[PDB]
Amino acid sequence: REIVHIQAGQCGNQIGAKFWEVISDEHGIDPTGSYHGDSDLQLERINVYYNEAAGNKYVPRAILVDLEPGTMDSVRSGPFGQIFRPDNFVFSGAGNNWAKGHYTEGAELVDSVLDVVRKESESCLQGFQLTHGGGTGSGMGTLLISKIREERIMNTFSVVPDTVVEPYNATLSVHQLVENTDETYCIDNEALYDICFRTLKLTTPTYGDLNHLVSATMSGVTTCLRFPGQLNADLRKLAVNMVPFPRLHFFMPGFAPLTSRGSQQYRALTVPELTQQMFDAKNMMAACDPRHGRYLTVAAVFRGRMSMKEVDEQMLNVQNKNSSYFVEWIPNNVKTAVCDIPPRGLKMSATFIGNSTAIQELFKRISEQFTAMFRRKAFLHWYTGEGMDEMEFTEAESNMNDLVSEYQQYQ
Amino acid sequence: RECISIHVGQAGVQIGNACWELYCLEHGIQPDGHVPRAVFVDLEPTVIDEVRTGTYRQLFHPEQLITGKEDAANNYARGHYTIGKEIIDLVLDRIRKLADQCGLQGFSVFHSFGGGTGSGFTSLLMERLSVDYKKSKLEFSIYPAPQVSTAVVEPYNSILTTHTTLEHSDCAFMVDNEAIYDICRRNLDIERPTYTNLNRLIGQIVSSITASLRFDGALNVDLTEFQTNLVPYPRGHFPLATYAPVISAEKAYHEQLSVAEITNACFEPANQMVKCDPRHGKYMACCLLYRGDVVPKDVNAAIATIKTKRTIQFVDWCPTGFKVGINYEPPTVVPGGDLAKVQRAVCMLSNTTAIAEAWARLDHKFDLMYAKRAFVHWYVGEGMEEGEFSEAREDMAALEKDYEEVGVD
Ligand SMILES: Nc1nc2c(ncn2[C@@H]2O[C@H](COP(=O)(O)OP(=O)(O)OP(=O)(O)O)[C@@H](O)[C@H]2O)c(=O)[nH]1
Ligand SMILES: Nc1nc2c(ncn2[C@@H]2O[C@H](COP(=O)(O)OP(=O)(O)OP(=O)(O)O)[C@@H](O)[C@H]2O)c(=O)[nH]1
Ligand SMILES: [Mg+2]
Ligand SMILES: [Mg+2]
């Protein structure tokens, strides 16, 4: 099987450097070097992220998309920066109109994209990893998938938060994520800072970091499950256990051992310590706080030798101490997953992929903000004036809003 | 006469290397002797490689060591239909290539019940067998257990494997599910029982089946013998495996336990590699395979005492259902694992009314999932239909009635 990473924007890019910084070592691939792999198993499945050309040069099969040179020119001028084949670096009026990047402006640039998304797929393809309330985002990216899904999965690692029409560009994209995408690990820039400045006494959290933290979660998700386990799952399981209603629904990823370097290295990681972590408010890469709305599904994708008993068990008390918020029409919201090998240097970790709520309590939010401002067409002229439609916004909000109703169908 | 074996999954392979070890060990065939009679499958090279790098390296043919190159998927459908299909041919080929070289009796499969490549795949493997050879499909699994399942879907994968297994899987030795752990907690003491420790066990009980039995003795028991003395009815009936001297090689020392103790310690409700406690299940046939220093009178007495304990109630239509299998060579414990190492053991297996449970509890799971179609779209879109499910459910239904009628009455 295979996948092709996608470093959209600076952030998504900055993180690329960290996602690949890691992953490589978790696959013994030095800058341009080959497989120094301490073992022999970190190679039989690499393909998922590289390509064979020379014989020591397995090049990451990702894409680096960005309209700001300096960025990619910082990622390409630093450490592992010289492993990406230059071909990878893909450096109109990008109006902040969902309809401007989905129907009028983006619709053109699409074919010249699909072109490549095929050059990379035909590099069997599984899906693409994507790291990164606007035009080029909700509209054009929400199109990229609607096309992809007609032609493999689409995991999205978003750094959820800053705009005015926001609910317009949003409601319209969530809509598409219902019949297109189907896997988002909603990470974030200020939910990260927090989680990175108080859960990691880290005082100067550079972007590289945030990115790095995020990339840490998207590794636990995918790649991870493509490892053995007493009880392993894979994108689908994750999908087929987490989406009660077709909207596509968005999640909120959370990593396990998130302790400051020296001191904190408490090792309180028997397991109750990981669920302690993962399930608290802070520590949810999302902005919103779980404590503010039930869950529909949860997927503790652990990856480190543990007792299918102390795992399967804990999950329960957790489900009972908080019966309040965990929705009821799902006897067992939680989807326990269990890999074996842990994050290279750690003893025990567990990625958390939480699905927000059925009284969709986030898409609700978003959807609300829209209407309250759509009603007055607030900053709508910046969309329409960019070749959009008054029916486009209607569409999204309606399509995205419906997701909340369906998701409740299971709560 | 023979019984091929397909060890699937890293685990099924680790357990395989183990069960395969115990074998030669009690047949005097060192590292490099004859030729096995099984195969090894895995989609992760590094593990089968362990059989290619480590011990028992040259006792295999790089031909009976396969890997793969696709996705597992913890979903029946995909494993049975869609993906699993592609491999089957090839799979069969070996159980037709290995079945020829030997009039065989079946394939002892080593992997697990509920799962992606364990439920689905086999479903059609046993499926394609019942038509070809009509033979036996006894799959030796390391699974659950009810309240401690793993996969989120598990039941979907079980209810589907049962229905399509009715004519596919004859008997699934459902050990390691969670009842073998008890044995590791209660009869050996250890909270850290790695999957490797659980296999060493079946790796033992199994050694008592083939290995030693196909090995000369004072009361030999052929494979056919089993099914004959062990299945009262065509349903690929599933007996349960049990071992006697499961004492710890460090804790206690109650080793010297006369045959008049090891036998009885196979009746208790906490030493049978199966969470099917005789909650009522009347035995209907037991094959007491002994090994080591055992006097036939000791047995033809230790068993007599049992036949009259009544609280051990055997089926009605069955006067005597005790196949006494005596071997010579005592067991052979891992040099330094955690198994005691006695000079006699009792690997008694049997059809109790009792899987009446295990099947029940596994069937109900399907109804819960299917009742909502859960992961159904995953199979349909893989060349299956509302038929195969619903019609494989009805299948097992008459396996809940079968295992009920042949007993309790
Ligand atoms: N972790 C991380 N987050 C970043 C980084 N750069 C930006 N962000 C976050 O991503 C969002 C910023 O997106 P922008 O840089 O404004 O825009 P863009 O997505 O690159 O595309 P344009 O709006 O067209 O410029 C904010 O929420 C930032 O906090 C980065 O290097 N790392
Ligand atoms: N008893 C026993 N269980 C094992 C052994 N090795 C692995 N297992 C168990 O079997 C499962 C592991 O399967 P993997 O090793 O990940 O995979 P595989 O089935 O060999 O095939 P791939 O996923 O393609 O590598 C886990 O539930 C382990 O606990 C073993 O030697 N003995
Ligand atoms: Mg930009
Ligand atoms: Mg393997």
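Chain A is numbered as in Swiss-Prot, which gives 2-92, 95-126, 129-137, 140-158, 162-171, 177-426 for the residues shown.
For this deposited structure, the header notes the method as electron microscopy, 8.9 Å.
Every residue gets a Cβ built from N, Cα and C, even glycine.
Same-chain residues at least 6 positions away in sequence with a Cβ under 8 Å from that of A:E69 (Mg(2+) binding site) are, in sequence order, A:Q11. Taken from Swiss-Prot, the feature Mg(2+) binding site applies to A:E69.
Swiss-Prot lists A:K58 (among others) with the feature ubiquitin cross-link. In the three-state DSSP assignment, the secondary structure recorded for A:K58 (ubiquitin cross-link) is coil. All protein chains considered, the CB of A:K58 (ubiquitin cross-link) has 15 other CB atoms within 10 Å.
If you draw a 10 Å sphere around the CB of A:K324 (ubiquitin cross-link), it holds 14 other CB atoms from the protein chains shown. In the three-state DSSP classification, A:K324 (ubiquitin cross-link) falls within a helix. Annotation source Swiss-Prot lists ubiquitin cross-link at A:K324 (among others).
Taking Cβ-Cβ distances under 8 Å and a sequence gap of 6 or more within the same chain, A:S40 (phosphoserine) has no neighbours at all. The secondary structure of A:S40 (phosphoserine), as reduced to three states from DSSP, is coil rather than helix or strand. The phosphoserine annotation in Swiss-Prot covers A:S40.
Feature annotation from Swiss-Prot assigns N6-acetyllysine to A:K58; the stated evidence is similarity to another entry.
The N6-succinyllysine annotation in Swiss-Prot covers A:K58, and the record cites similarity to another entry as its basis.
The 10 Å shell around the Cβ of A:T285 (phosphothreonine) contains 12 further Cβ atoms across the protein chains shown. As annotated by Swiss-Prot, phosphothreonine applies to A:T285 (among others), with the evidence given as similarity to another entry.
In the three-state DSSP scheme, A:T290 (phosphothreonine) is classed as helix. Residues annotated as phosphothreonine in Swiss-Prot: A:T290 (among others).
Using a 10 Å radius centred on the Cβ of A:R318 (omega-N-methylarginine) and all shown protein chains, the other Cβ atoms total 26. The omega-N-methylarginine feature in Swiss-Prot is assigned to A:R318; the stated evidence is similarity to another entry.
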A:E158 and A:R162 flank 3 unmodelled residues; Cα separation in Å?
8
Unmodelled stretch of 2 residues from A:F92 to A:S95; how many angstrom between the C-alpha atoms?
14
Pop the Cα-Cα gap between A:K58 (ubiquitin cross-link) and A:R318 (omega-N-methylarginine) into the table, whole Å please.
29
Filtered recorded positions - A:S40, A:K58, A:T285, A:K324 - keeping only those with Cβ under 8 Å from chain B
A:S40, A:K324
CB within-chain contacts under 8 A for A:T290 (phosphothreonine), separation at least 6:
A:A315, A:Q329, A:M330, A:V333, A:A365
Give me the CA-CA distance between A:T285 (phosphothreonine) and A:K324 (ubiquitin cross-link), in Å, as a whole number.
13
Rounded Cα distance in angstrom between A:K58 (ubiquitin cross-link) and A:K324 (ubiquitin cross-link) is 43
Conformational class of A:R318 (omega-N-methylarginine) under the three-state DSSP mapping:
strand
Where the model skips 2 residues between A:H137 and A:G140, what's the CA-CA distance in Å to the nearest whole number, could you check?
13
